[PDB]
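Participant: File name coords_22.tsv; file contents TSV, C-alpha atoms and all ligand atoms; full text below.
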chain	number	residue	atom	x	y	z
A	4	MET	CA	9.78	-23.42	-99.74
A	5	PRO	CA	13.55	-23.86	-100.10
A	6	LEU	CA	13.50	-22.66	-103.71
A	7	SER	CA	12.30	-19.22	-102.59
A	8	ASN	CA	15.96	-18.65	-101.63
A	9	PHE	CA	17.01	-18.83	-105.29
A	10	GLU	CA	16.02	-17.53	-108.68
A	11	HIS	CA	14.56	-20.51	-110.48
A	12	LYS	CA	12.34	-21.56	-113.36
A	13	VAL	CA	10.23	-24.71	-113.53
A	14	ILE	CA	10.70	-26.35	-116.94
A	15	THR	CA	8.53	-29.47	-116.55
A	16	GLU	CA	6.86	-31.36	-113.72
A	17	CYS	CA	10.25	-33.08	-113.30
A	18	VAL	CA	12.94	-30.49	-114.04
A	19	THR	CA	13.56	-27.05	-112.49
A	20	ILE	CA	16.57	-24.82	-113.26
A	21	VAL	CA	18.03	-22.96	-110.26
A	22	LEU	CA	20.62	-20.16	-110.14
A	23	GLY	CA	23.04	-20.78	-107.28
A	24	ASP	CA	25.45	-23.20	-105.62
A	25	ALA	CA	24.30	-26.82	-105.93
A	26	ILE	CA	25.74	-27.54	-102.46
A	27	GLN	CA	23.55	-24.85	-100.89
A	28	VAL	CA	20.48	-26.10	-102.76
A	29	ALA	CA	21.08	-29.69	-101.63
A	30	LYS	CA	21.57	-28.52	-98.02
A	31	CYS	CA	17.93	-27.36	-98.10
A	32	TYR	CA	16.59	-30.86	-98.93
A	33	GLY	CA	17.59	-33.56	-96.45
A	34	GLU	CA	16.28	-36.32	-98.73
A	35	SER	CA	18.04	-35.16	-101.87
A	36	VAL	CA	20.86	-36.92	-103.70
A	37	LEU	CA	23.57	-34.47	-104.84
A	38	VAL	CA	25.34	-35.22	-108.10
A	39	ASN	CA	29.10	-34.72	-108.34
A	40	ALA	CA	30.53	-34.20	-111.83
A	41	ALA	CA	33.55	-36.45	-111.38
A	42	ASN	CA	36.40	-37.98	-113.37
A	43	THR	CA	37.35	-41.64	-113.82
A	44	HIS	CA	39.66	-41.64	-110.77
A	45	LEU	CA	37.33	-39.66	-108.48
A	46	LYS	CA	40.06	-37.05	-108.03
A	47	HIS	CA	38.14	-34.04	-106.71
A	48	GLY	CA	40.61	-31.25	-107.27
A	49	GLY	CA	38.50	-28.48	-108.72
A	50	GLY	CA	35.15	-27.53	-110.20
A	51	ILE	CA	32.08	-28.73	-108.36
A	52	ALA	CA	33.99	-31.81	-107.20
A	53	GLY	CA	36.57	-29.67	-105.42
A	54	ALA	CA	33.79	-27.63	-103.85
A	55	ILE	CA	31.86	-30.70	-102.67
A	56	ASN	CA	35.06	-32.19	-101.26
A	57	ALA	CA	35.90	-28.97	-99.39
A	58	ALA	CA	32.36	-28.79	-97.98
A	59	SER	CA	32.86	-32.33	-96.65
A	60	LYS	CA	36.16	-31.28	-95.00
A	61	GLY	CA	38.01	-33.71	-97.25
A	62	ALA	CA	35.88	-36.72	-96.30
A	63	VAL	CA	34.59	-37.18	-99.88
A	64	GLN	CA	38.12	-37.56	-101.24
A	65	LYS	CA	39.08	-40.06	-98.51
A	66	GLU	CA	36.02	-42.20	-99.26
A	67	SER	CA	36.65	-41.90	-103.02
A	68	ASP	CA	40.32	-42.93	-102.69
A	69	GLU	CA	39.32	-46.10	-100.81
A	70	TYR	CA	36.69	-46.94	-103.42
A	71	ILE	CA	39.02	-46.50	-106.38
A	72	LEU	CA	41.87	-48.40	-104.70
A	73	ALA	CA	39.52	-51.34	-104.12
A	74	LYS	CA	37.64	-51.30	-107.44
A	75	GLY	CA	39.95	-49.61	-109.93
A	76	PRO	CA	39.03	-46.52	-111.94
A	77	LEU	CA	35.64	-45.94	-113.52
A	78	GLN	CA	34.67	-45.69	-117.17
A	79	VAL	CA	33.21	-42.60	-118.79
A	80	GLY	CA	29.47	-42.69	-118.24
A	81	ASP	CA	29.72	-44.67	-115.00
A	82	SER	CA	28.19	-43.58	-111.72
A	83	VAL	CA	28.71	-44.55	-108.10
A	84	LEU	CA	26.50	-43.77	-105.10
A	85	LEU	CA	28.59	-42.80	-102.07
A	86	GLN	CA	27.99	-41.24	-98.68
A	87	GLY	CA	26.39	-37.83	-98.32
A	88	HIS	CA	28.70	-36.54	-95.57
A	89	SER	CA	25.91	-34.30	-94.21
A	90	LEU	CA	25.68	-32.42	-97.55
A	91	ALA	CA	22.83	-34.59	-98.84
A	92	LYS	CA	21.36	-38.02	-98.25
A	93	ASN	CA	23.95	-39.42	-100.68
A	94	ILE	CA	26.34	-38.12	-103.33
A	95	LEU	CA	26.08	-39.69	-106.79
A	96	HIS	CA	29.46	-39.37	-108.54
A	97	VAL	CA	28.96	-39.40	-112.32
A	98	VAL	CA	31.76	-39.47	-114.91
A	99	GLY	CA	30.76	-37.25	-117.81
A	100	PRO	CA	32.55	-37.31	-121.14
A	101	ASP	CA	35.50	-34.96	-121.60
A	102	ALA	CA	34.97	-33.10	-124.89
A	103	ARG	CA	38.58	-31.85	-124.83
A	104	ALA	CA	39.61	-35.49	-125.31
A	105	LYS	CA	36.89	-35.88	-127.96
A	106	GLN	CA	35.07	-38.45	-125.84
A	107	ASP	CA	31.54	-39.42	-126.88
A	108	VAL	CA	29.24	-36.64	-125.66
A	109	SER	CA	26.25	-38.97	-126.01
A	110	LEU	CA	27.54	-40.78	-122.90
A	111	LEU	CA	25.83	-37.94	-120.99
A	112	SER	CA	22.65	-39.97	-121.54
A	113	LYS	CA	24.13	-42.70	-119.32
A	114	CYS	CA	25.15	-40.17	-116.67
A	115	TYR	CA	21.69	-38.61	-116.44
A	116	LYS	CA	19.77	-41.92	-116.58
A	117	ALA	CA	21.53	-42.91	-113.36
A	118	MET	CA	19.76	-40.04	-111.59
A	119	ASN	CA	16.34	-41.64	-112.07
A	120	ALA	CA	16.94	-44.13	-109.24
A	121	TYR	CA	16.40	-41.37	-106.66
A	122	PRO	CA	13.20	-39.45	-105.83
A	123	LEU	CA	14.91	-36.04	-105.60
A	124	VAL	CA	18.19	-35.11	-107.29
A	125	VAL	CA	20.20	-31.88	-107.18
A	126	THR	CA	22.66	-31.82	-110.09
A	127	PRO	CA	25.01	-29.47	-111.93
A	128	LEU	CA	25.30	-29.59	-115.68
A	129	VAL	CA	27.66	-32.55	-116.11
A	130	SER	CA	30.63	-32.01	-118.47
A	131	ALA	CA	29.79	-28.30	-118.89
A	132	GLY	CA	32.86	-26.91	-117.14
A	133	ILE	CA	36.31	-28.49	-117.21
A	134	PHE	CA	35.11	-31.09	-119.74
A	135	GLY	CA	34.08	-28.51	-122.34
A	136	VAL	CA	30.51	-29.45	-123.28
A	137	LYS	CA	28.27	-26.44	-123.78
A	138	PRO	CA	25.73	-25.94	-120.95
A	139	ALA	CA	22.81	-25.95	-123.42
A	140	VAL	CA	23.95	-29.32	-124.78
A	141	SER	CA	24.37	-30.87	-121.34
A	142	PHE	CA	20.90	-29.62	-120.48
A	143	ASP	CA	19.47	-31.24	-123.64
A	144	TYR	CA	20.74	-34.64	-122.48
A	145	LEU	CA	19.41	-34.07	-118.97
A	146	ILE	CA	15.87	-33.12	-120.01
A	147	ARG	CA	15.76	-36.05	-122.45
A	148	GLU	CA	16.46	-38.55	-119.63
A	149	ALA	CA	14.93	-37.11	-116.46
A	150	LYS	CA	12.03	-39.14	-115.02
A	151	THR	CA	12.33	-38.01	-111.40
A	152	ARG	CA	12.39	-34.68	-109.59
A	153	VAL	CA	15.60	-32.91	-110.67
A	154	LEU	CA	16.83	-29.49	-109.55
A	155	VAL	CA	19.46	-28.49	-112.11
A	156	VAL	CA	21.66	-25.87	-110.44
A	157	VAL	CA	23.87	-23.53	-112.45
A	158	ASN	CA	26.13	-21.04	-110.71
A	159	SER	CA	26.56	-18.63	-113.65
A	160	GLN	CA	23.86	-16.05	-114.32
A	161	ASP	CA	24.90	-16.07	-117.99
A	162	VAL	CA	24.14	-19.75	-118.35
A	163	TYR	CA	20.98	-19.37	-116.25
A	164	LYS	CA	19.69	-16.62	-118.54
A	165	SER	CA	20.64	-18.65	-121.64
A	166	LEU	CA	18.67	-21.70	-120.47
A	167	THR	CA	15.58	-19.73	-119.34
A	168	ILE	CA	15.28	-17.13	-122.14
B	201	LIG	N1	28.78	-25.31	-106.71
B	201	LIG	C1	28.40	-25.35	-108.08
B	201	LIG	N2	27.06	-25.34	-108.20
B	201	LIG	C2	26.48	-25.38	-109.43
B	201	LIG	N3	27.25	-25.41	-110.57
B	201	LIG	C3	28.62	-25.43	-110.44
B	201	LIG	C4	29.19	-25.39	-109.23
B	201	LIG	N4	30.54	-25.40	-109.39
B	201	LIG	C5	30.79	-25.46	-110.72
B	201	LIG	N5	29.61	-25.45	-111.38
B	201	LIG	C6	29.37	-25.50	-112.78
B	201	LIG	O1	28.86	-26.99	-113.11
B	201	LIG	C7	29.27	-27.34	-114.33
B	201	LIG	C8	30.20	-28.62	-114.28
B	201	LIG	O2	31.37	-28.22	-113.57
B	201	LIG	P1	32.65	-29.04	-113.49
B	201	LIG	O3	32.93	-29.17	-112.07
B	201	LIG	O4	33.77	-28.25	-114.21
B	201	LIG	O5	32.36	-30.48	-114.14
B	201	LIG	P2	32.87	-31.24	-115.50
B	201	LIG	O6	34.30	-31.70	-115.23
B	201	LIG	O7	31.98	-32.42	-115.66
B	201	LIG	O8	32.89	-30.36	-116.68
B	201	LIG	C9	30.06	-26.14	-114.85
B	201	LIG	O9	29.27	-25.36	-115.67
B	201	LIG	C10	30.43	-25.40	-113.53
B	201	LIG	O10	30.85	-24.00	-113.83
Transcribe the structure of this file into structure tokens.
Ligand SMILES: Nc1ncnc2c1ncn2[C@@H]1O[C@H](COP(=O)(O)OP(=O)(O)O)[C@@H](O)[C@H]1O

Facilitator:
Amino acid sequence: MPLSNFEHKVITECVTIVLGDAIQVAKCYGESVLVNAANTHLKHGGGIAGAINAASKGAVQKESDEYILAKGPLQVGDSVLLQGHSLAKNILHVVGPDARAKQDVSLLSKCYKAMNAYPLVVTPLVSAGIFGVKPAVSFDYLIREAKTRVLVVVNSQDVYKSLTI
């Protein structure tokens, strides 16, 4: 019962909202895929990406740099499955839209659809931090697309209360 370690609320038979650190939730499930909310160049400086990279001792950034050098940068809405680096079975790097740049928020549908390839996914709310989309809106796109087991982890009690009220 890994979720007994965290306040959580089951929303549907697919989606559960969890209050905590997504990295610590994923650590509890060896078969989970952890979602990174990334940018087009996989530069993991801050936000959840910085935290995931630090937890990997910088290995995530090294792997990402090699990928981007070989393939070129990603487009908004793209996703790439990369190594898990002992944090999870794999890390799925998704490029959410940046609302500050007035990018198309509906591209979150593409980000969240990519999660359905995996039986168990631990994800933050993509675009809801640096990229300026409201948590409740990011959640709307997630719940519309989710067809697999998804633990949506939010690290703010204010957003947790807002989504579970
Ligand atoms: N370890 C974490 N676990 C869960 N949520 C996190 C974590 N770190 C940051 N967040 C929150 O996840 C959401 C997306 O964060 P962020 O890294 O800024 O991505 P984006 O650039 O897509 O907006 C934000 O609401 C953020 O505050």

Participant: Give the answer as one residue: which of A:17, A:26, A:71, A:128 has the shortest atom-to-atom distance to residue 163 (chain A), using all atoms listed in the file?

Facilitator: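 Checking each of A:17, A:26, A:71, A:128 against residue 163 (chain A), counting all atoms listed in the file, the winner is A:128.
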
Participant: At what distance in Å, to one decimal, does CA of residue 109 (chain A) lie from CA of residue 132 (chain A)?

Facilitator: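 Interatomic distance here is 16.4 Å.
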
Participant: Emit as AutoDock Vina command-line options the padded axis-aligned box for all listed atoms of ligand LIG 201 (chain B), 3 Å per side, with centre and edge lengths in Å to one decimal.

Facilitator:
--center_x 30.4 --center_y -28.2 --center_z -111.7 --size_x 13.8 --size_y 14.4 --size_z 16.0

Participant: Which is closest to ligand LIG 201 (chain B) among A:75, A:61, A:50, A:5, if we use all atoms listed in the file?

Facilitator: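 Between A:75, A:61, A:50, A:5, the residue approaching ligand LIG 201 (chain B) most closely is A:50.
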
Participant: Select, from A:141, A:158, A:89, A:112, the residue with the minimum atom-to-atom distance to ligand LIG 201 (chain B), counting all atoms listed in the file.

Facilitator: A:158

Participant: Please write a file for region 15-154 of chain A, taken from the block I just shared, that holds C-alpha atoms and is laid out as a PDB file, in the first residue's frame.

Facilitator:
ATOM      1  CA  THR A  15     -11.847   7.327 -11.259  1.00  0.00           C
ATOM      2  CA  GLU A  16     -10.749   3.731 -11.729  1.00  0.00           C
ATOM      3  CA  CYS A  17      -7.847   5.221 -13.728  1.00  0.00           C
ATOM      4  CA  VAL A  18      -6.866   8.498 -12.047  1.00  0.00           C
ATOM      5  CA  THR A  19      -5.836   9.210  -8.437  1.00  0.00           C
ATOM      6  CA  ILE A  20      -4.599  12.592  -7.147  1.00  0.00           C
ATOM      7  CA  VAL A  21      -1.738  12.431  -4.624  1.00  0.00           C
ATOM      8  CA  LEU A  22      -0.255  15.177  -2.428  1.00  0.00           C
ATOM      9  CA  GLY A  23       3.533  14.875  -2.402  1.00  0.00           C
ATOM     10  CA  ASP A  24       6.728  14.667  -4.447  1.00  0.00           C
ATOM     11  CA  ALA A  25       6.227  12.749  -7.703  1.00  0.00           C
ATOM     12  CA  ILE A  26       9.766  11.354  -7.390  1.00  0.00           C
ATOM     13  CA  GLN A  27       8.971   9.823  -3.994  1.00  0.00           C
ATOM     14  CA  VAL A  28       5.692   8.379  -5.295  1.00  0.00           C
ATOM     15  CA  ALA A  29       7.420   6.807  -8.310  1.00  0.00           C
ATOM     16  CA  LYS A  30      10.128   5.343  -6.045  1.00  0.00           C
ATOM     17  CA  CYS A  31       7.383   3.269  -4.407  1.00  0.00           C
ATOM     18  CA  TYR A  32       6.363   1.581  -7.701  1.00  0.00           C
ATOM     19  CA  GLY A  33       9.187  -0.224  -9.490  1.00  0.00           C
ATOM     20  CA  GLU A  34       7.066  -0.729 -12.613  1.00  0.00           C
ATOM     21  CA  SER A  35       5.919   2.865 -12.938  1.00  0.00           C
ATOM     22  CA  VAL A  36       6.841   5.338 -15.664  1.00  0.00           C
ATOM     23  CA  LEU A  37       7.576   8.805 -14.257  1.00  0.00           C
ATOM     24  CA  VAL A  38       6.620  11.795 -16.383  1.00  0.00           C
ATOM     25  CA  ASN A  39       8.992  14.753 -16.630  1.00  0.00           C
ATOM     26  CA  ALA A  40       7.455  18.098 -17.606  1.00  0.00           C
ATOM     27  CA  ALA A  41      10.195  19.118 -20.026  1.00  0.00           C
ATOM     28  CA  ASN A  42      10.989  21.787 -22.600  1.00  0.00           C
ATOM     29  CA  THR A  43      11.859  21.417 -26.289  1.00  0.00           C
ATOM     30  CA  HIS A  44      15.616  21.144 -25.602  1.00  0.00           C
ATOM     31  CA  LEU A  45      15.323  18.809 -22.585  1.00  0.00           C
ATOM     32  CA  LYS A  46      17.166  21.388 -20.476  1.00  0.00           C
ATOM     33  CA  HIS A  47      16.328  20.305 -16.918  1.00  0.00           C
ATOM     34  CA  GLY A  48      17.257  23.384 -14.958  1.00  0.00           C
ATOM     35  CA  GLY A  49      14.374  23.805 -12.558  1.00  0.00           C
ATOM     36  CA  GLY A  50      10.867  22.719 -11.651  1.00  0.00           C
ATOM     37  CA  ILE A  51      10.194  18.999 -11.597  1.00  0.00           C
ATOM     38  CA  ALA A  52      12.776  18.511 -14.351  1.00  0.00           C
ATOM     39  CA  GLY A  53      15.521  19.981 -12.184  1.00  0.00           C
ATOM     40  CA  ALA A  54      14.406  17.805  -9.286  1.00  0.00           C
ATOM     41  CA  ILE A  55      14.332  14.626 -11.392  1.00  0.00           C
ATOM     42  CA  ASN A  56      17.763  15.448 -12.801  1.00  0.00           C
ATOM     43  CA  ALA A  57      19.202  16.042  -9.316  1.00  0.00           C
ATOM     44  CA  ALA A  58      17.702  12.766  -8.066  1.00  0.00           C
ATOM     45  CA  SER A  59      19.496  11.015 -10.950  1.00  0.00           C
ATOM     46  CA  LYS A  60      22.809  12.681  -9.951  1.00  0.00           C
ATOM     47  CA  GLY A  61      22.852  14.496 -13.285  1.00  0.00           C
ATOM     48  CA  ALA A  62      22.471  11.337 -15.380  1.00  0.00           C
ATOM     49  CA  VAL A  63      19.122  12.478 -16.840  1.00  0.00           C
ATOM     50  CA  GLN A  64      20.668  15.644 -18.249  1.00  0.00           C
ATOM     51  CA  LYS A  65      23.621  13.728 -19.758  1.00  0.00           C
ATOM     52  CA  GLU A  66      21.263  11.287 -21.489  1.00  0.00           C
ATOM     53  CA  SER A  67      19.018  14.154 -22.632  1.00  0.00           C
ATOM     54  CA  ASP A  68      21.942  16.146 -24.073  1.00  0.00           C
ATOM     55  CA  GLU A  69      23.025  13.149 -26.172  1.00  0.00           C
ATOM     56  CA  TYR A  70      19.477  12.612 -27.423  1.00  0.00           C
ATOM     57  CA  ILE A  71      18.957  16.232 -28.443  1.00  0.00           C
ATOM     58  CA  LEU A  72      22.389  16.505 -30.076  1.00  0.00           C
ATOM     59  CA  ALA A  73      21.582  13.440 -32.191  1.00  0.00           C
ATOM     60  CA  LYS A  74      17.931  14.194 -33.004  1.00  0.00           C
ATOM     61  CA  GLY A  75      17.544  17.961 -32.704  1.00  0.00           C
ATOM     62  CA  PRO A  76      15.045  19.669 -30.407  1.00  0.00           C
ATOM     63  CA  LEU A  77      11.495  18.478 -29.865  1.00  0.00           C
ATOM     64  CA  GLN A  78       8.219  20.147 -30.749  1.00  0.00           C
ATOM     65  CA  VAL A  79       5.617  21.237 -28.233  1.00  0.00           C
ATOM     66  CA  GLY A  80       3.415  18.250 -27.499  1.00  0.00           C
ATOM     67  CA  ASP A  81       6.156  15.714 -28.237  1.00  0.00           C
ATOM     68  CA  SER A  82       7.244  13.009 -25.824  1.00  0.00           C
ATOM     69  CA  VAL A  83      10.294  10.783 -25.541  1.00  0.00           C
ATOM     70  CA  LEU A  84      10.762   7.671 -23.406  1.00  0.00           C
ATOM     71  CA  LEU A  85      14.204   7.609 -21.798  1.00  0.00           C
ATOM     72  CA  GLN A  86      15.954   5.660 -19.069  1.00  0.00           C
ATOM     73  CA  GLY A  87      14.601   5.544 -15.535  1.00  0.00           C
ATOM     74  CA  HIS A  88      17.965   5.927 -13.768  1.00  0.00           C
ATOM     75  CA  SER A  89      16.664   3.945 -10.758  1.00  0.00           C
ATOM     76  CA  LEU A  90      13.887   6.521 -10.156  1.00  0.00           C
ATOM     77  CA  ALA A  91      11.302   4.544 -12.145  1.00  0.00           C
ATOM     78  CA  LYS A  92      11.188   1.916 -14.855  1.00  0.00           C
ATOM     79  CA  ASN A  93      11.472   4.724 -17.428  1.00  0.00           C
ATOM     80  CA  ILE A  94      11.080   8.498 -17.552  1.00  0.00           C
ATOM     81  CA  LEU A  95       8.690   9.893 -20.171  1.00  0.00           C
ATOM     82  CA  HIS A  96       9.764  13.447 -21.042  1.00  0.00           C
ATOM     83  CA  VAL A  97       6.760  15.428 -22.315  1.00  0.00           C
ATOM     84  CA  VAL A  98       6.896  18.961 -23.749  1.00  0.00           C
ATOM     85  CA  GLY A  99       3.841  20.847 -22.544  1.00  0.00           C
ATOM     86  CA  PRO A 100       2.745  24.140 -24.063  1.00  0.00           C
ATOM     87  CA  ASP A 101       4.142  27.335 -22.548  1.00  0.00           C
ATOM     88  CA  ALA A 102       1.190  29.657 -21.895  1.00  0.00           C
ATOM     89  CA  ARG A 103       3.564  32.598 -21.327  1.00  0.00           C
ATOM     90  CA  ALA A 104       4.470  32.300 -25.020  1.00  0.00           C
ATOM     91  CA  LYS A 105       0.758  31.893 -25.858  1.00  0.00           C
ATOM     92  CA  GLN A 106       1.355  28.385 -27.175  1.00  0.00           C
ATOM     93  CA  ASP A 107      -1.696  26.216 -27.853  1.00  0.00           C
ATOM     94  CA  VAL A 108      -2.828  24.852 -24.485  1.00  0.00           C
ATOM     95  CA  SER A 109      -4.828  22.145 -26.261  1.00  0.00           C
ATOM     96  CA  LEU A 110      -1.484  20.471 -27.049  1.00  0.00           C
ATOM     97  CA  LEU A 111      -1.729  19.115 -23.480  1.00  0.00           C
ATOM     98  CA  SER A 112      -4.037  16.499 -25.024  1.00  0.00           C
ATOM     99  CA  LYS A 113      -1.058  15.179 -27.006  1.00  0.00           C
ATOM    100  CA  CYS A 114       1.158  15.165 -23.915  1.00  0.00           C
ATOM    101  CA  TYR A 115      -1.309  13.168 -21.826  1.00  0.00           C
ATOM    102  CA  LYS A 116      -2.277  10.721 -24.608  1.00  0.00           C
ATOM    103  CA  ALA A 117       1.355   9.609 -24.685  1.00  0.00           C
ATOM    104  CA  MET A 118       0.965   8.311 -21.126  1.00  0.00           C
ATOM    105  CA  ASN A 119      -1.523   5.636 -22.202  1.00  0.00           C
ATOM    106  CA  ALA A 120       1.242   3.411 -23.603  1.00  0.00           C
ATOM    107  CA  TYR A 121       2.293   2.439 -20.065  1.00  0.00           C
ATOM    108  CA  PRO A 122       0.378   0.375 -17.480  1.00  0.00           C
ATOM    109  CA  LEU A 123       1.239   2.662 -14.533  1.00  0.00           C
ATOM    110  CA  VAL A 124       2.197   6.329 -14.813  1.00  0.00           C
ATOM    111  CA  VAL A 125       3.211   8.839 -12.129  1.00  0.00           C
ATOM    112  CA  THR A 126       2.863  12.373 -13.496  1.00  0.00           C
ATOM    113  CA  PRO A 127       2.872  15.992 -12.368  1.00  0.00           C
ATOM    114  CA  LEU A 128       0.448  18.476 -13.842  1.00  0.00           C
ATOM    115  CA  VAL A 129       2.208  19.323 -17.108  1.00  0.00           C
ATOM    116  CA  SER A 130       2.538  23.054 -17.927  1.00  0.00           C
ATOM    117  CA  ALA A 131       1.128  24.058 -14.514  1.00  0.00           C
ATOM    118  CA  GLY A 132       4.297  25.624 -13.131  1.00  0.00           C
ATOM    119  CA  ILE A 133       6.870  27.518 -15.177  1.00  0.00           C
ATOM    120  CA  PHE A 134       4.626  27.297 -18.258  1.00  0.00           C
ATOM    121  CA  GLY A 135       1.717  29.114 -16.624  1.00  0.00           C
ATOM    122  CA  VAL A 136      -1.299  26.861 -17.235  1.00  0.00           C
ATOM    123  CA  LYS A 137      -3.642  26.689 -14.265  1.00  0.00           C
ATOM    124  CA  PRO A 138      -3.482  23.341 -12.390  1.00  0.00           C
ATOM    125  CA  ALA A 139      -7.248  22.825 -12.777  1.00  0.00           C
ATOM    126  CA  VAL A 140      -6.935  23.248 -16.557  1.00  0.00           C
ATOM    127  CA  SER A 141      -4.000  20.857 -16.851  1.00  0.00           C
ATOM    128  CA  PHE A 142      -5.995  18.351 -14.818  1.00  0.00           C
ATOM    129  CA  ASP A 143      -8.980  18.716 -17.185  1.00  0.00           C
ATOM    130  CA  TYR A 144      -6.794  17.670 -20.124  1.00  0.00           C
ATOM    131  CA  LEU A 145      -5.330  14.772 -18.147  1.00  0.00           C
ATOM    132  CA  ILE A 146      -8.654  13.288 -17.046  1.00  0.00           C
ATOM    133  CA  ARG A 147     -10.034  13.660 -20.583  1.00  0.00           C
ATOM    134  CA  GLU A 148      -7.209  11.507 -22.022  1.00  0.00           C
ATOM    135  CA  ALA A 149      -6.240   8.995 -19.326  1.00  0.00           C
ATOM    136  CA  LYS A 150      -6.952   5.352 -20.221  1.00  0.00           C
ATOM    137  CA  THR A 151      -4.354   3.732 -17.959  1.00  0.00           C
ATOM    138  CA  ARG A 152      -3.515   3.852 -14.258  1.00  0.00           C
ATOM    139  CA  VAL A 153      -2.293   7.400 -13.541  1.00  0.00           C
ATOM    140  CA  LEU A 154      -1.139   8.799 -10.201  1.00  0.00           C
TER     141      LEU A 154
END
